[PDB]
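One structure below.
So you know, we letter chains A, B, ... as the sequences are listed, proteins then strands, and number each from 1. These numbers come from the heavy atoms of this one structure, side chains and all, not from hydrogens, waters or symmetry mates.
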Amino acid sequence: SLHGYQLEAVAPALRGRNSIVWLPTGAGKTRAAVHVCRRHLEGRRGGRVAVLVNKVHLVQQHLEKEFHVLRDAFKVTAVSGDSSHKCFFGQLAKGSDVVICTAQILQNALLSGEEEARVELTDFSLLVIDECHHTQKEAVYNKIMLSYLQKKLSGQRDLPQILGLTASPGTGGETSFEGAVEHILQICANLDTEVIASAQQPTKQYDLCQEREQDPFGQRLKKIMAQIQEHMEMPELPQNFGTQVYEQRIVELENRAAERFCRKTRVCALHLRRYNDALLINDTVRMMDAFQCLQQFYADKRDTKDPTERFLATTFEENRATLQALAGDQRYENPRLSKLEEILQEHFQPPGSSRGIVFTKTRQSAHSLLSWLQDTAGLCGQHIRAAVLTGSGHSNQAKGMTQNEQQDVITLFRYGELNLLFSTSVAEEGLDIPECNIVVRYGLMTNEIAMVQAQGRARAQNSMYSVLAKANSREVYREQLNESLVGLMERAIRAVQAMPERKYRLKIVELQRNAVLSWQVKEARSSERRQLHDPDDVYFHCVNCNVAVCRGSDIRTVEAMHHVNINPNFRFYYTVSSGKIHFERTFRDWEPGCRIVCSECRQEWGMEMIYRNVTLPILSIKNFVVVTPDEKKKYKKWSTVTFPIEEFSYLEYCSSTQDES
RNA sequence: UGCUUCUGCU
RNA sequence: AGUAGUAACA
Ligand SMILES: Nc1ncnc2c1ncn2[C@@H]1O[C@H](COP(=O)(O)OP(=O)(O)O)[C@@H](O)[C@H]1O
Ligand code: ALF
Ligand SMILES: [Mg+2]
Ligand SMILES: [Zn+2]
């Protein structure tokens with residue numbers, strides 16, 4: 001049965017008041033919400049609840065661990081990206097008493113032009129927003145709630161009650177009391193909160209490592225980078241190799257070289273980014289991980305004419321064997337990994353006692369840590385059974401994990417079939433593993449919310465939380481600051497809870513008005529930008545070889561995301577460059593075909609979309625330079641281009657191609 | 001693998 | 001204004 005503090009925290013929600021339930025990590029906010037939902041549905045006819053989450057895995061978790069109990073009396077349905085294609089959301093939701101989904105599923109339905117796929121906010125009488133601290137800025141939670149505010153302020157009746165759940169509203173980067181209070185008020189405004197409802201041990205250790213005394217591998221990479229920069233014959237080139245600033249500056253240089261079609265500079269900049277990437281890997285995991293980064297990059301090359309590429313290939317080849325030999329030398333081991341080994345050795349003896357998550361920033365790092373573990377003699381024999389856990393992010397450096405793949409790892413971790421995960425931020429919030437008693441945060445730079453949340457995955461009574469970071473580093477400073485900011489957040493929330501009602505209400509009104517006005521202004525500005533140029537006056541150039549390949553007027557959008565070229569002669573500019581792509585996820589109206597490349601230079605451009613009975617090429621914006629009358633620009637997003645793009649019409653497209661045959 | 005939110009960084 | 005990552009959607 002519910003704890004006293006659970007009953008106390010939901011008392012406002014039971015009375016119908018919009019609220020945020022502020023309870024610590026692991027305190028049982030979900031069960032409290034289920035109780036609210038049961039009483040809500042019992043207390044009226046025709047009620048309907050939406051439960052919004054921010055991570056695919058939490059749909060299944062909340063259903064199977066908490067919300068399924070409602071099925072004694074009510075119909076409960078769950079939807080995530082994997083199951084999206086199976087039903088029209090409108091039909092599914094309307095046939096349910098409770099629907100649990102990732103928030104973007106609901107947002108898509110709110111925006112839909114299809115009768116059967118569409119819902120309105122007024123189709124729900126209660127919205128439960130899990131991890132509601134994400135309801136800010138342009139996060140999907142806030143896109144939904146901004147619409148709610150627009151409707152509320154316009155006088156709409158029968159908007160749903162709001163129940164937000166969070167352990168950590170945060171301070172939003174504010175370090176003053178006044179700033180932190182303002183942030184809390186902003187959260188409250190965004191969620192249309194009437195009351196923040198709250199209640200009326202673990203140990204933490206800093207496992208600090210030192211910089212490697214001797215890093216010949218890194219030293220050699222830096223010496224190659226200097227040689228490459230000399231070859232570029234340019235003044236004021238950055239010298240700060242192996243930093244995030246260098247990474248930014250070298251990519252910005254690549255962008256400028258694309259925009260001005262300086263091939264030599266661009267190619268050199270491309271390679272330097274890879275060397276910098278290797279330095280960053282070298283600092284995070286093993287030398288051999290960094291080596292493999294570079295080796296793979298240069299292996300996938302073939303013999304070419306381009307004198308620049310030949311210089312760069314020769315340069316790597318001259319250093320390759322030395323780099324690999326160094327990478328196999330235990331003398332130059334990463335102290336971060338030495339420290340991690342110490343932690344695991346201490347806590348996973350005797351074998352199978354501990355149940356741990358090691359959080360790392362990137363998917364690639366998680367995979368490298370698993371590989372490192374499997375290859376560390378000092379850990380083999382301690383019956384550590386480990387696996388990687390990531391979300392469904394994807395890049396050429398690392399694929400993601402499907403909902404199903406994630407679920408397999410989580411289920412085996414829950415009762416100790418696996419006893420250690422190497423995880424990204426996919427599992428920093430929400431994941432409930434009662435037996436988890438160790439969290440290590442490996443060299444992370446995050447806000448205080450992520451710190452609190454990740455720590456909170458260790459549910460067990462006698463849990464430990466380890467910060468594994470470089471001594472004297474910004475990472476250590478930020479951890480310490482974040483600890484203080486948690487305290488500041490608490491003080492700010494208390495102050496808001498104690499505010500006089502009249503003052504609170506007026507402040508919320510002022511903030512909600514500001515939010516809905518600011519949105520209108522932003523939308524007007526965005527529209528003005530996208531109407532600057534006639535699409536006929538915009539030309540796309542291949543980013544690699546600078547050949548012109550189409551005009552803006554050749555492009556249409558599918559599902560407001562996928563930019564297809566509908567010109568029947570575009571086929572003479574691109575080549576199909578792969579066998580058929582397969583995705584685990586199925587979509588309603590299309591599936592990928594093959595990858596496509598520039599016919600001149602083989603630069604990757606995008607992929608085919610098999611949309612119903614036609615095949616069209618999708619272009620990724622990052623593979624082009626966009627040329628207008630005013631400038632040449634390499635865009636990383638379509639959303640900021642300076643010309644309008646019409647929606648694809650399948651009917652019109654079919655009619656048009658039939659006339660040509 | 002198309003998309004662009006968030007977080008870090010400048 | 002970018003950049004890097006990440007996650008979500010498709
Ligand atoms: N009243 C209760 N009695 C026993 N276990 C409970 C109670 N309420 C919640 N739990 C359990 O507490 C754990 C943490 O709950 P959860 O909802 O994941 O925490 P959070 O507040 O971070 O969402 C879960 O395993 C849940 O089933
Ligand atoms: F605060 Al939680 F799962 F919602 F730790
Ligand atoms: Mg939770
Ligand atoms: Zn080309």
query = Do side-chain atoms of A:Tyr465 reach the backbone of A:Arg441 as a donor and acceptor pair under 3.5 angstrom?
reply = no

note = Atom NE2 of A:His57 and atom P of C:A8 are separated, to the nearest Å, by 7 Å

query = Can you check whether A:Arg363 has a side-chain N or O nearer than 4.0 Å to OP1 or OP2 of C:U6?
reply = yes

ask   = Between atom CG in A:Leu485 and atom P in B:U7, what is the gap in whole Å?
value = 14 Å

task = Tell whether A:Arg588 reaches the base of C:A10 with its side chain through a donor-acceptor pair below 3.5 angstrom.
result = no

key: Heavy-atom donor-acceptor pair, A:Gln248 side-chain to C:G2 base, under 3.5 Å   = yes

inquiry  = Using ring centroids (six-membered ring only for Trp), state whether A:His271 and A:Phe297 fall under 6.0 Å.
reply    = yes

Any A:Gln136 side-chain N or O less than 4.0 Å from OP1/OP2 of B:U7 = yes

inquiry  = Looking at B:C3 and A:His562: do their rings stack (centroid distance under 5.5 Å, interplanar angle under 30°)?
reply    = no

request  = Output yes when at least one side-chain N/O atom of A:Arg595 is less than 4.0 Å from OP1 or OP2 of B:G2, else no.
outcome  = no

task = Could you tell me whether A:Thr390 contacts a base, only the sugar-phosphate backbone, or nothing, with contacts defined as non-hydrogen atoms closer than 4.0 Å?
result = sugar-phosphate

key: Under-4.0 Å side-chain N/O to phosphate OP1/OP2 contact, A:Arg585 with C:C9   = yes

task = Decide yes or no on side-chain contact (heavy atoms from CB on, under 4.5 Å) for A:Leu616 and A:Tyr611, but give the supporting numbers first.
result = CA-CA 7 Å; A:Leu616 288 169; A:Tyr611 190 93; 5.6 Å; no

query = How would you label the contact of A:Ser395 with the nucleic acid (heavy atoms, under 4.0 Å): base, sugar-phosphate, or nothing?
reply = nothing

inquiry  = Heavy atoms only, 4.0 Å cut-off, all strands: where does A:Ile105 land among base, sugar-phosphate and nothing?
reply    = sugar-phosphate

request  = Please check if the distance between the ring centroids of A:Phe570 and A:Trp605 is under 6.0 Å.
outcome  = yes

